[PDB]
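Coming up is one lone chain in structure tokens, specifically the form deposited in one PDB entry.
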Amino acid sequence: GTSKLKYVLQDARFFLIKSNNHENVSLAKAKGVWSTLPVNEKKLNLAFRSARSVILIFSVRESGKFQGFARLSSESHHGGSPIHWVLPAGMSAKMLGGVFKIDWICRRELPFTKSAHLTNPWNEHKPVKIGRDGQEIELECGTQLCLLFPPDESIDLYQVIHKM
């Protein structure tokens, strides 16, 4: 069902994550971690303290799709396993310092064609697929977007609810 999912999304905050390549999203799904640039890292740390759930919605640039969504389980933390991110052009490993732990809620894809009816008030009511890395998505838009993804029956949200 969708009842536990709706409970996790209650009063959540949502952020669009834009990755330049598929390898980093695959790594994030395997290891339960994400790293972003310092401007977005500061925003996510503030949001994590402010809301019962902070949801990252992932899209690989040029894929025409979202690749899933996950809930922050921690603020960013430095020191340890230099996650073997595949660095794009103007990207250092010091920029991707700061590792958040995340719990995946859905690892299934959603094509942009399915979200064309959803606009984001925090980005001028442009279609929710449009936005820079770190763009916040308003509650109602974000909730509806997450509910469009195919159910991921491999995930049990019982443990996620207990983190809350």
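Each residue number is its position in the shown sequence, starting from 1. For clarity, a rigid core is taken as the largest C-alpha set superposing within 1.5 Å between two forms.
This next part talks about the form deposited in another entry, which is not shown.
Item checked: Moved residue between this form and the one not shown - picked from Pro127, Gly32, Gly97, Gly134, where its Cα shifts 2 angstroms or more relative to the rigid core -> If I go through the list carefully, the shifting residue is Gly97.
Exercise. Looking in that other deposited form, decide if the C-alpha atoms of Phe15 and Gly90 are closer or farther than in the form shown; they differ by 3 Å or more.
Key: Farther: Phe15 and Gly90 separate by 3 Å or more in that other deposited form.
| said: With a change of at least 3 Å, which way does the C-alpha separation between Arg107 and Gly79 go in that other deposited form: closer or farther? | reply: Relative to the displayed form, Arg107 and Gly79 draw closer in that other deposited form - a change of at least 3 Å between their C-alphas.
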